[PDB]
Asks: 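Let me begin by handing over the structure; questions about it come next.
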Amino acid sequence: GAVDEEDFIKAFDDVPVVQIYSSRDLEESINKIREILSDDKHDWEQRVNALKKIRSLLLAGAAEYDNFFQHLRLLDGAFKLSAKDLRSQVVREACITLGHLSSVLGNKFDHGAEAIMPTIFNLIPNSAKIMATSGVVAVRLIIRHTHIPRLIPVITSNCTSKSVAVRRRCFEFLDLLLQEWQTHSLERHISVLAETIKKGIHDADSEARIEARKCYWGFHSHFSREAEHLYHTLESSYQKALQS
């Protein structure tokens with residue numbers, strides 16, 4: 001998984017150098033990208049290049065312009081469409097560009113991350129490895145760089161999926177989030193974290209339980225009081241499993 005993540009990161013700037021000739025020029029460039037990515041029947045190679053050009057623009061300093069985040073909102077539909085494409089080339093490029101947006105904007109990717117996250121979670125159970133992995137890596141990159149509390153319920157809600165794959169990944173994501181985010185980023189969501197981890201500890205799946213226990217101790221390190229309380233509501237067998 002570390003190699004796939006590194007592969008995305010290396011791809012971030014493997015895109016053409018572009019110029020931004022004005023605020024108007026930037027808006028029109030993003031308008032053109034929206035047009036290309038919003039058409040179901042538009043040439044797939046041209047869609048890959050349009051997704052790459054978003055990275056080009058970031059590298060040209062687009063994020064500095066007054067209206068940039070207005071422009072980025074406009075691409076909500078484009079990202080969803082791209083991440084749902086039949087062609088993994090398009091899906092994968094979209095996930096790379098989403099990861100790049102997160103790494104460049106950090107916490108200012110708050111709106112875009114929340115808007116696209118359910119769509120990329122829908123990749124997780126795909127039986128095609130390239131499809132699933134692209135979505136997994138995009139989520140991990142977003143969690144790593146965009147520490148936004150509103151993302152926590154989106155992630156935890158998938159803890160309870162009928163798809164075992166989604167459940168396993170969910171607790172992998174949660175483990176990563178607890179390890180990467182500061183305590184203050186978690187304080188509005190203590191209860192939902194505790195209940196989500198509680199459900200994972202009792203999960204029917206063995207791999208899911210193992211990840212949930214990682215989550216428990218991550219959670220404990222932030223909130224020992226609340227984690228100890230959760231611990232003592234557990235039957236004896238689960239308490240011993242946690243101590244292992």
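One is the number of the first residue; the rest follow in order along the sequence. Quick note: numbers below take in every heavy atom, side chains included, and nothing from hydrogens, waters or symmetry partners.
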Asks: Applying the side chain to side chain contact (heavy atoms under 4.5 Å, CB included) test to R140, which of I142, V136, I143 qualifies?
Replies: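 Going through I142, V136, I143 one by one, the side chain to side chain contact (heavy atoms under 4.5 Å, CB included) with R140 is satisfied by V136 alone.
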
Asks: Can a donor-acceptor pair be found between the side chains of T183 and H222 at a distance below 3.5 Å?
Replies: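 Looking only at side-chain atoms, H222 and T183 do form a donor-acceptor pair, the distance falling under 3.5 Å.
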
Asks: Carefully, step by step, assess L141 and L98 under the rule side-chain contact (heavy atoms from CB on, under 4.5 Å).
Replies: CA-CA 8 Å; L141 288 170; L98 290 171; over 6 Å; no

Asks: Which heavy atom of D25 sits nearest to which heavy atom of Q19, and what is that distance?
Replies: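 Result for this residue pair: OD2-O, 3.7 Å.
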
Asks: Are the charged groups of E172 and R169 less than 4.0 angstrom apart, N to O?
Replies: yes

Asks: Show the numbers, then the answer: is there a salt bridge (charged side-chain N to carboxylate O under 4.0 Å, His left out) between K214 and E211?
Replies: CA-CA 5 Å; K214 295 174 192 173; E211 292 302 308; 2.6 Å; yes

Asks: Can you list the residues that meet the ring-ring contact (aromatic ring centres under 6.0 Å, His included) rule with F68, with sequence neighbours excluded?
Replies: none

Asks: Would a distance-only check, ignoring hydrogens and angles, find a side-chain to backbone donor-acceptor pair under 3.5 Å from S56 to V17?
Replies: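 Such a contact is absent between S56 side chain and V17 backbone.
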
Asks: Can you say whether the rings of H147 and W181 are parallel (under 30°), tilted (30 to 60°) or perpendicular (over 60°)?
Replies: parallel

Asks: Between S23 and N67, does a side-chain contact (heavy atoms from CB on, under 4.5 Å) hold up when you go through it step by step?
Replies: CA-CA 8 Å; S23 292; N67 292 338; over 6 Å; no

Asks: Any link between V18 and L59 through a network of hydrophobic side chains (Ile, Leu, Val, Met, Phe, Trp, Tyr) touching at under 4.5 Å?
Replies: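 No; tracing contacts between hydrophobic side chains, which count when under 4.5 Å, never links both residues.
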
Asks: Please report whether the ring centroid of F12 lies less than 6.0 Å from that of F8.
Replies: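 That pair fails the under 6.0 Å test.
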
Asks: We want to know whether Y231 and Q243 form a side-chain donor-acceptor pair, criterion being a heavy-atom distance below 3.5 angstrom.
Replies: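 Checked: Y231/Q243 side chains pair up, N/O donor to acceptor below 3.5 Å.
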
Asks: Going only through I, L, V, M, F, W and Y residues with side-chain contacts under 4.5 Å, is there a path from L57 to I116?
Replies: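 Cluster IDs for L57 and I116 match.
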
Asks: Given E187 and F223, is the side-chain contact (heavy atoms from CB on, under 4.5 Å) satisfied, shown in steps?
Replies: CA-CA 9 Å; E187 290 194 65; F223 310 103; 4.1 Å; yes

Asks: What's the shortest heavy-atom distance between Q179 and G218, and which atoms?
Replies: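 It is NE2-CA, 3.6 Å.
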
Asks: Give, for atom CD1 of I96 and atom CD1 of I9, the distance between the pair rounded to the nearest 0.5 Å.
Replies: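 It comes to 11.0 Å.
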
Asks: Applying the 4.5 Å side-chain criterion to the ILVMFWY set and letting contacts propagate, would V139 and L177 be lumped into a single cluster?
Replies: yes

Asks: Is it true that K80 and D76 have a side-chain N and a carboxylate O under 4.0 angstrom from each other?
Replies: yes

Asks: According to a 4.5 Å side-chain heavy-atom criterion applied to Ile, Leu, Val, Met, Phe, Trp and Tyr, with indirect links allowed, do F121 and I148 form part of one hydrophobic cluster?
Replies: yes

Asks: Measuring from atom CG of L37 to atom CG of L75, what distance do you get when rounded to the nearest 0.5 angstrom?
Replies: 7.5 Å

Asks: Is there a path of hydrophobic side-chain contacts, each under 4.5 Å between heavy atoms, that joins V104 and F69?
Replies: yes

Asks: Please report the interatomic distance CZ(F173) to SG(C159), rounded to the nearest 0.5 Å.
Replies: 13.5 Å

Asks: Calculate, to the nearest 0.5 Å, the distance between atoms CD1 and CG belonging to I190 and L230 respectively.
Replies: 12.5 Å

Asks: Would you say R55 and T97 are linked by a side-chain donor-acceptor pair, where the criterion is simply a distance under 3.5 Å?
Replies: yes

Asks: What pairs of residues pass the salt bridge (charged side-chain N to carboxylate O under 4.0 Å, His left out) test when at least one of them lies in residues 224-242, not counting sequence neighbours?
Replies: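 Every pair satisfying salt bridge (charged side-chain N to carboxylate O under 4.0 Å, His left out) with a residue in residues 224-242: there are none.
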
Asks: Please determine whether a side-chain nitrogen of the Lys or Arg among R168 and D205 lies less than 4.0 Å from a carboxylate oxygen of the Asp or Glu.
Replies: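 Salt bridge between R168 and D205, a charged N being under 4.0 Å from a carboxylate O: yes.
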
